[PDB]
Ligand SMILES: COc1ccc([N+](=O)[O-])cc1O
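Form solved without the ligand, single chain, as structure tokens, below.
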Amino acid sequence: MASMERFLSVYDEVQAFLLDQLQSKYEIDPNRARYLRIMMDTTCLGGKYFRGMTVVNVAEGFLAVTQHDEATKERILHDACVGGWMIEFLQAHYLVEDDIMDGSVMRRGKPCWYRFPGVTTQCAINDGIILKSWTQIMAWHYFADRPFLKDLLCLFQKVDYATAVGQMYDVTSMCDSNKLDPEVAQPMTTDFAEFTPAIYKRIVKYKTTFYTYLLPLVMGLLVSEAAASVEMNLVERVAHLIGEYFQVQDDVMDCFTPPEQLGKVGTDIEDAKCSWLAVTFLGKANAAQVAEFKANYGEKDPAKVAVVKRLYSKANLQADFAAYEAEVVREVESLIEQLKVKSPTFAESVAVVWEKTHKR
């Protein structure tokens, strides 16, 4: 089948397995099963499935150059699809919880899950917990007999933990580190001294890159029994590089993409987030521009938000972005060349991942 058709068919199988198990072993009743089916569909479906399909595409690459029985090819592709859905459900977990944490209104043009009338925060926090628990159920069920079960569970845990740490870095990025204290309400920074490239890079590395690029690439290697055939330090370096670029694109879109196309209203400015735009602006502003940014950033007032967007346009951050992009292109191509030494097939899969990222 087309890879996407196989991936979506496996969703139906995994959902049926999870819901049937709830009936047979957890005494669930049909109405709560229906609630959870709708929750799964609403939180897990409707995106592009980039992360899950990366697992599939990596596995397909190795299948084309490795001798296998037909039944083994089918097993590997089925495993890649389940593993990809583990990542999609993990993402669903972090979007449900982050939308609650951030007080978000919309996502993908629909209300955030916790805002559905019959859900509410009381249920939605636990729904997000269940989403992540489902990732572990699918691994222990589908991969019970597999040689890579241990490495895959270990990786998944490390990536999940990194991502939770990243969320902490993200939501505290507008506070002075020396003022962080559970006992004291957290004031917004006034000097913005921690709005630097290195600190931004730290936030993004943990909050996004591990689960968006490192986990799908390595899971593809694991279900293919091909990890020995790559230099893991290069996989990490290229995942963190492409992942950062992905997030910079998202940062720019939050500010400048119309809500209709964006699927939501961006509020990074009002939320005083350490965005690529803010960091890059502060890296080239003169004193008067820095002062005007400070006087307006992180406030809900729409005229103050408009001031900040005006500063960004006046500062020609398009030029900085094109320079950033050119450098990422140089570095990603270099890492892909290095990947070819041990694994030309994996290098081409990484090239495909970059192309999809770059021309999005």
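Quick note: we count residues from 1 along the sequence shown, nothing fancier.
Omitted from view is the form deposited with the ligand bound, to which the following refers.
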property	result
Binding-site state, shown form vs the ligand in the entry with it bound, superposed, 3 or more atoms under 2.4 Å of backbone or C-beta	open
Proximity of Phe246 to the ligand in the entry with it bound, heavy atoms at 4.5 Å	yes
Any non-hydrogen atom of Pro216 within 4.5 angstroms of the ligand in the entry with it bound	yes
Sequence-ordered list of residues in 321 to 360 near the ligand in the entry with it bound, where near means a heavy atom within 4.5 Å	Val353, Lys356, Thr357, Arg360
